[PDB]
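Enquirer: Have a look at this one.
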């Protein structure tokens, strides 16, 4: 969903400040008949303030839609507030405003930051600065890379000197939860975006080969790993390609070749190199020459440890 | 019910200020034996302050009555407070006090304003002025016409550039809910009491013909439309006539003839013109000459849109 | 129970101030082994402050007793606070302290005052003075008579220009509720302790003959009436006699002879005159010469009113 | 409701046998469009068998009606079965069938008989004959008078050598319960329809004067007494008159003048004598000359007994 | 789903008899690894009997599928029994067996027949013959047309001399309920497959224009009407075309042109005539010349009736 | 627990028949004071029949024990009945009786057979013979090997032409459930105790390497495989050794060396060969020379399949 689904621009003294929509202003708009030349303009509900443009009805769930979001939850408000607090720290101009709001973001990512922010144990609850950083990164207004300290969140299922592995709990979300109850995904952020020693890389591969053998280790090129079911890589390839493709309108970090699943590293390199989707994806469905194992015996050690 | 069922006059420095009754003072009075020459005077419960006049017992529900109100709900207090806050802004005199309190008002309307007032998203929650306006209008102390911004409330089921349609949720009320669970009524206020363009009138008629074909479009002459079941117009005609009739003690806006149901426009014009109830109502039960459709094809467009 | 079951004396600057016991200090004492020469002294639980004298264990309920009170309820605390706040306004001396605390009071009466005090609608919630008056009267430290404004409370089931009738809800109490679920008693206080006109006395007798025909109208001589089941007068006679009898250690208002039940007026007059319990009570169990009805036709009017 | 609301006639070998409707056949009919010349004919739902005539829709509750019965309860079936079992024992002819089914009966009475019938302790559960008698009487096909053994039922609140007093529990019914929760009525049947000794009449009057002083003792002339609130006699007078009036299409037992409320005895005698409703009812609203008490001191004895 | 998803053929004395699968045999098969040359053969679970062919896994719901059926409900068993009881009455041969079982049927239709069959009020509960007829028709083994007496079922919302209208309650189903909670569809069967008088057709059109104005009246050519939302006709056109198209492997009753929605009659005639899907469907999305209303004033009568 | 914890021998005509204990006879015995020379004799509760020997108190759970069984569940009765029905089919002699009853059996195994037996879908519910076979095997009175058809039961998580894999649900048991909620074990029985083709062995190894990589594939030498957590093999080695060791009072099937976990095959062979526990177990905790993979690429195929 676009950032325009949560807030609207109000110019305040040489600069724009962003404001959250009331779920009711949205509800009103969903029932509004609008002229085709006003679908993009902000809607006025008269009773509940400003509402998003009618052309965005699809993003909100109605009886006739479950492909949108649950805007009538407090969470919606919280996520909208989060976005505004970050955009306000930018002081945007009349030339960028629309470009900023038209940016599509991961709502689940924003909800997870709220879960971090509101938790007194989480550091984001204390560092207004780390919170703004984590948010700007998530909403596309930062050149910084997401790392552990600024991760979207979730439950830590493994931590190392170099990495932190999280379990994405998208099933519990209020705003836009995943409907499939078999959904399971993990994210592996770097604690520090610097070079990692072979020993700390070996610890992470052991945990993945042992505790997540049915998962493919991939990435979306933004700096962290994504652990997903093998019966899911195909969809991750499609979405990743789409994004890359939108370069006609864009760097991609392939990450450590000893950690990424062989085929995904292929599918991706063949993408950065230029090849077509069909060419790239074919590299995804073929048994490739097993490259020399960089860390042999990892699974065997674990097994023996477990046995003792 | 009269305004005297919620508050009592206390003269404070050249002016009367109104005060809410405690539900218990009312409960006490309901069990009081009063001399026939004191039925109109305010009752003193000794323990819970002043209570309404004994002649008003009928307005409150007891085991022996369900035709009154549920005064032992917080809502009662809230509605009473609402009324007082508006009457106090008037600074009434010893000559008008009784006339004001003897005014009969729609309790459901007042409860709905409280629902608006207490909602932080609703503008009334913020504009003490819009709130006083909406309330003065509702309690008969304003020459202004109810429009969207000051509507009684309910759920917005359709909004236009010219109108806002509301679903009256009287079934959920605390103070005096409607006992029939098949009750359904809508209200269509004008967003702005000025002339409306044929296109915006056409949008509203389409929504009514399509989404509310089983409803009759009428009005009570106070400026907005009332959408009610056809098996209900008879009662709306009776009540409307009664009111008009009380002119022997009074303007009536017939509204847009292209929107009002043909027969109701007849029944009403025949009322403003002077005719008797029997004469007027007969115009309600007869198949009349289908006046030329001002907007033909409206229902067909909708159907085609739906099909696509 | 004695006032000593709720508070203990702490001399503070030429005067005693009273303090509430913690239910736990009481619980501790109930499990304390005490020397026979300390049963009357205040007990020290070390951990929860001062506790009542061990000789009062009977007043508190334990697994081995239901004839006491439920001291482990907030109510206990509230009632104890109520008592202290009143005793503190007296500034008692080292000569009266024990006499005051050894005074036995009606706990149900004190709980009911708390129910009045904590209710924002009740005047006691506002007049710290009326509250202290109502409490001093209840705990035996006032020469004033209980009247409506200072009544113990309950639910008003009938109000007049002269009286207020209350339903004693002892079944709902927290501190010391009545165990019999068939218990029903009413109290009729005078709104003003002055002479009442025959018409206002007639209204009250009508309500009693009609709405409470199965009840005997009596009094305990302290100024108000007590409405109790006829199968209960015997016990009220016993308790009333006991009290009177304790004159060897004492005025009795027989109240309006047109309102009190004939036999009780007899039983009581024969008591003030001096006669023995046996002599008095015999007057209670004998069909006496029906004295000329002071207000004939009262029941018939009501019946006719009801019929219309 | 008419007997035709539960069963339909099926001629079986020189005689008609009656059959119960399925609640669904009724539900089907309620949604059927019928020609005006078939409103009286039995409706065929095709799927659920025969249903009552469309002209009887009013008798059944729909979303648009609560003035009918709850035909979708097992009770409906049970009551319908009860009626059929009795009508079948009659073996009705083609000349009487319609006359029988057009007979209006008290549904609450029939439900109560089912409650008796299904109770293994109740004698009706055992005597198929007493059950048929009690039912034939209730549905108008018997010259016998209802007495205790064949009463409609309810809870016995007092029994004598001559009478049995029942509390009508119409509030608990499934088929057609009374909506007012303040409803209270009693019925006093004779155990044996013969002359009663003054002592047994005196016992019954004592119980009524003492335990039911707020009730008027009346009758509907069919042989038993009806104990109802005084604020209800007016309605009982109206209904009783209506019935009597339908003599133009009829004996009335005024019962013991020492038990019936003076005014009702008047209102009724003035009815049997011929007078008009207005003339009769006026005798109901006037304080009449207190006829010499046939049993003086009854209330006083009770009071004294209670006191001991 | 195919009939092969519920039963398996067991040749018994010159003839095949069909047998129900145990849900557990199915559960076992879902977890079975099968050779590619056995996907069509019946699977043997050893412990729970025979199970459907592995090539049918898709038809059953697993954690990885909600596009199938809930085979672990009693309903599954019931529906399977229903099918077997009908197929057994046919006595199928070794040449037809596979052809019969490969037939795809509407599961919701079969569940609804079970709901009819198990209801003692429904005639199917009594006529083993009507039940077998209704079932053979539903499973494709009958040349007879579905009519009211043999309809799939649902709730009767309107009945006529010629038709019966049903509300399809697919949302309540156990075996394969519709996941969209906004689903609403009606079916109008003919009570008797013969010619209907214009008056009975007029009654049905009135009910549709008034009570179902937002619905399109269509058919699937098998003899009855289908009432569906206008935003659904497109999908009904697609499915209907697919079926017709499978003629390359087939009669279509267009029904009364005065009842079918104008465009659907077009889309369909253009299909029977031979035209392509694209050609046919285009006739669905275009405002056509309003053919002369065969029954004008129908909606107006209803309105007036309602008003009275 | 021994078979003597469920039944007692009653000689009936040249043969012993076994009888179930009532849980109450057991409860009685648990509270019995017995002479040290009667701990082995059957106890007589007088009121509830015969009970097990007092020396078996340990086997039953009391407030002072959770290391026993929950004999006060219906299950206990069922399991006891199961055992008796099997022992009765043997017709045991006075020389074997004690030897039979002193046999220790797996209670969880017996409960699972009851779960199979009582399930109408399970074949044991139908073949009294397969049931007796499955039971005799479980209680040590059969030379036959447990295979799929006679397995203890559980939930089938994978089935092949040669094997059937079950999930042991010991956490749900009534009689003697496993207290650790992290418990997970699987059992792989042979469908037919004959030689299996390499292809069917390859399918089973693929499923284990992929879906159960964290589990060790072992056996207890009685003919089937046991899938257990690696952090559990140590305990399985101990128990297996104990049993073998009791040969001083005994064949062991090591099963397919391509399926059993390398180390367990070692630990076990070193046991059959004669070595000591210390010698055997050491082979369990050492990284051994990876024997040539008999089926290489199995995990890779699965991964690719999943990806497609």
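By the numbers in Swiss-Prot, the shown part of chain E spans 2-250, 255-313.
From the backbone N, Cα and C atoms, a Cβ is placed for every residue, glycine too.
When I checked Swiss-Prot for this same protein, it listed these features:
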- E:225: active site, for NTPase and RTPase activities (ACT_SITE)
- E:107, E:108, E:109, E:188, E:221, E:222, E:223, E:227: ATP binding site (BINDING)
- E:205-241: region 'RNA-binding' (REGION)
Enquirer: Which number gives the other C-beta atoms within 10 angstroms of the C-beta of residue E:223 (ATP binding site), all protein chains shown included?
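Expert: Around the Cβ of residue E:223 (ATP binding site), 13 other Cβ atoms lie within 10 Å.
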Enquirer: What does DSSP give as the helix, strand and coil breakdown of the region 'RNA-binding' (E:205-241)?
Expert: 19 helix, 10 strand, 8 coil
Enquirer: What is the one among the recorded positions E:109, E:221, E:225, E:227 whose Cβ has the most other Cβ atoms less than or equal to 10 Å away?
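Expert: Buried the deepest by this measure is E:225.
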Enquirer: Taking only the residues the record lists as binding ATP, namely E:107, E:108, E:109, E:188, E:221, E:222, E:223, E:227, what is the largest Cα to Cα distance between any two of them, in Å to the nearest whole number?
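Expert: Greatest Cα separation within the listed binding residues comes to 19 Å.
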Enquirer: Measuring CB to CB from residue E:222 (ATP binding site), give everything in the same chain under 8 Å that is also at least six residues away in sequence.
Expert: E:241, E:256, E:257, E:258, E:259, E:273
Enquirer: Taking just the CA atoms, what is the gap between residue E:107 (ATP binding site) and residue E:225 (active site, for NTPase and RTPase activities) in Å?
Expert: 15
Enquirer: Within 10 Å of the Cβ of residue E:107 (ATP binding site), how many other Cβ atoms can be counted across all chains shown?
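Expert: Total other Cβ atoms inside 10 Å, all chains included: 13.
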Enquirer: Quick one: what's DSSP say for residue E:188 (ATP binding site), helix, strand or coil?
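Expert: Where residue E:188 (ATP binding site) sits, the three-state DSSP reduction gives strand.
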Enquirer: Can you count the other CB atoms that lie within 10 A of the CB of residue E:188 (ATP binding site)?
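Expert: Here the count is 22.
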Enquirer: Counting across all protein chains present, how many other Cβ atoms fall within 10 Å of the Cβ of residue E:108 (ATP binding site)?
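Expert: There are 21 such Cβ atoms around residue E:108 (ATP binding site).
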Enquirer: Can you tell me the CA-to-CA distance separating residue E:109 (ATP binding site) and residue E:225 (active site, for NTPase and RTPase activities), as a whole number of Å?
Expert: 17
Enquirer: Whole-number answer please: how many Å between the C-alpha atoms of residue E:108 (ATP binding site) and the residue listed as 'active site, for NTPase and RTPase activities'?
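Expert: A Cα-Cα distance of 18 Å.
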Enquirer: How far is it from residue E:225 (active site, for NTPase and RTPase activities) to residue E:188 (ATP binding site), counting Cα to Cα, in Å?
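Expert: Taking the Cα atoms only, residue E:225 (active site, for NTPase and RTPase activities) lies 7 Å from residue E:188 (ATP binding site).
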Enquirer: Sort residue E:108 (ATP binding site) into helix, strand or coil using the DSSP assignment.
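Expert: SS state of residue E:108 (ATP binding site) = helix.
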